[PDB]
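First up is the structure itself, then whatever we jot down about it.
In the deposited numbering, the protein residues as written are 1 to 31.
So, in C-alpha coordinates, the structure goes:
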(Lines of atoms letter the chains of each structure in order from A; the text may use other names.)
(Lines give C-alpha, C1' and ligand atoms only; values in the text may rest on other atoms or scores of the structure.)
Protein backbone atom coordinates (compact mmCIF):
# COMPACT_ATOMS: atom_id res chain seq x y z
CA UNK A 1 0.00 0.00 0.00
CA UNK A 2 0.90 3.68 -0.26
CA UNK A 3 2.30 5.68 2.66
CA UNK A 4 0.57 8.68 4.25
CA UNK A 5 2.36 11.96 4.85
CA UNK A 6 0.31 12.82 7.88
CA UNK A 7 -3.18 14.25 7.48
CA UNK A 8 -3.40 17.81 6.17
CA UNK A 9 -2.60 18.23 2.46
CA UNK A 10 0.84 19.74 1.98
CA UNK A 11 -0.94 22.48 0.08
CA UNK A 12 -2.35 23.55 3.42
CA UNK A 13 1.18 24.19 4.60
CA UNK A 14 1.34 26.68 1.80
CA UNK A 15 -2.00 27.82 0.38
CA UNK A 16 -4.65 27.62 3.04
CA UNK A 17 -7.50 27.60 0.55
CA UNK A 18 -11.09 26.79 1.66
CA UNK A 19 -10.29 23.10 1.03
CA UNK A 20 -8.05 23.14 4.10
CA UNK A 21 -9.69 21.58 7.18
CA UNK A 22 -9.82 23.29 10.63
CA UNK A 23 -6.51 23.77 12.42
CA UNK A 24 -4.31 22.58 9.57
CA UNK A 25 -3.00 25.84 8.22
CA UNK A 26 -1.26 28.56 10.18
CA UNK A 27 -2.79 31.74 8.74
CA UNK A 28 -6.40 30.88 9.57
CA UNK A 29 -8.78 32.87 7.37
CA UNK A 30 -12.47 33.68 7.79
CA UNK A 31 -12.48 34.63 11.48
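All residues carry an ideal CB built from backbone N, CA and C; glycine is no exception.
Own chain residues within Cβ distance below 6 Å of residue i, not counting five before or after
i	result
residue 24	8, 12
Neighbourhood of residue i by C-beta distance below 8 Å, restricted to the same chain and skipping five residues each side
i	result
residue 17	11
Sequence-distant residues of its chain with Cβ nearer than 7 Å to residue i (five each side left out)
i	result
residue 21	8
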